[PDB]
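Engineer: The structure follows.
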Amino acid sequence: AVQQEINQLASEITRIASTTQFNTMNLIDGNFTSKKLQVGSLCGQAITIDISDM
Amino acid sequence: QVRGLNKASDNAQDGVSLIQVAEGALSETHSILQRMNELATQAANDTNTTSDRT
């Protein structure tokens with residue numbers, strides 16, 4: 001009866017991980033690596049957004 | 001000399017009037033390139049997905 005909730009919650013942490021998106025890209029499956037922001041007026045003034053798999 | 005200098009002056013104004021057409025046509029090449037820089041700056045952001053950069 002604990003295991004029923006510890007499985008439903010482990011399925012839920014993976015539901016957050018594939019389901020969360022911005023602009024239709026997943027954020028926290030770990031495919032959001034090397035994703036540069038461009039934060040100034042010239043060719044390549046980056047900040048890099050990197051998230052591990054959650 | 002007077003008759004020649006008057007055609008010469010009228011030719012320098014045909015020259016100024018010509019230049020003002022070119023100088024005015026490039027005035028919107030700037031508005032188009034100022035817009036293409038601003039668009040290219042928006043597209044250089046890795047929050048845009050493929051449908052946004054097309």
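For the structure tokens, the naming scheme is as follows: chains receive sequential letters (A, B, ...) according to their order of presentation, residues are indexed from 1 within each chain, and ligands are indexed from 1 in presentation order.
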Can you write out as CSV which residues of chain A fall within 12 Å of chain B, alongside each residue's closest atom pair and its distance in Å to one decimal, counting only C-alpha atoms and ordering rows by chain and ascending residue number?
Structural biologist:
```
residue,atom,partner,partner_atom,distance
A:21,CA,B:47,CA,10.8
A:22,CA,B:47,CA,7.8
A:23,CA,B:49,CA,6.9
A:24,CA,B:49,CA,7.4
A:25,CA,B:49,CA,7.1
A:26,CA,B:49,CA,10.8
A:27,CA,B:47,CA,10.3
A:32,CA,B:46,CA,9.7
A:33,CA,B:46,CA,10.3
A:34,CA,B:46,CA,8.9
A:35,CA,B:46,CA,5.3
A:36,CA,B:46,CA,5.2
A:37,CA,B:45,CA,4.8
A:38,CA,B:45,CA,5.0
A:39,CA,B:45,CA,8.2
A:40,CA,B:41,CA,8.3
A:41,CA,B:41,CA,7.2
A:42,CA,B:41,CA,8.1
A:43,CA,B:41,CA,8.4
A:44,CA,B:44,CA,8.2
A:45,CA,B:44,CA,9.7
A:46,CA,B:45,CA,8.7
A:47,CA,B:45,CA,9.7
A:48,CA,B:46,CA,9.0
A:49,CA,B:46,CA,8.7
A:50,CA,B:46,CA,11.3
```
Engineer: Can you tell me how far CA of residue 28 in chain A sits from CA of residue 12 in chain A, in Å to one decimal?
Structural biologist: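 CA of residue 28 in chain A sits 13.5 Å away from CA of residue 12 in chain A.
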Engineer: What is the CA of residue 51 in chain A to CA of residue 30 in chain A distance in Å?
Structural biologist: 5.8 Å
Engineer: Counting only C-alpha atoms, what is within 9 Å of residue 54 in chain A, bar same-chain residues fewer than 4 positions away, as a list in words?
Structural biologist: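 Skipping anything fewer than 4 positions along the chain leaves residues 13, 14, 16, 17, 28, 29 and 30 of chain A.
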Engineer: Kindly save the residues from that selection, with C-alpha atoms included, as a PDB file, in the first residue's frame.
Structural biologist:
```
ATOM      1  CA  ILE A  13       8.205  12.617 -11.631  1.00  0.00           C
ATOM      2  CA  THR A  14       8.683  11.206 -15.163  1.00  0.00           C
ATOM      3  CA  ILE A  16       6.765  16.188 -15.126  1.00  0.00           C
ATOM      4  CA  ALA A  17       9.995  15.420 -16.972  1.00  0.00           C
ATOM      5  CA  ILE A  28      13.867  18.825 -18.017  1.00  0.00           C
ATOM      6  CA  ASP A  29      14.264  15.490 -19.886  1.00  0.00           C
ATOM      7  CA  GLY A  30      17.964  16.429 -20.292  1.00  0.00           C
TER       8      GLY A  30
END
```
Engineer: What are the DSSP alpha helix (DSSP H) residues of chain A, as JSON, numbers by chain?
Structural biologist: {"A": [2, 3, 4, 5, 6, 7, 8, 9, 10, 11, 12, 13, 14, 15, 16, 17, 18, 19]}
Engineer: Per DSSP on the backbone, what are the strand (DSSP E) residues of chain A, as a PyMOL selection string?
Structural biologist: chain A and resi 21-22+25-26+35-38+46-49
Engineer: To one decimal in Å, tell me the separation between CA of residue 54 in chain B and CA of residue 36 in chain B.
Structural biologist: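 Separation between CA of residue 54 in chain B and CA of residue 36 in chain B: 14.0 Å.
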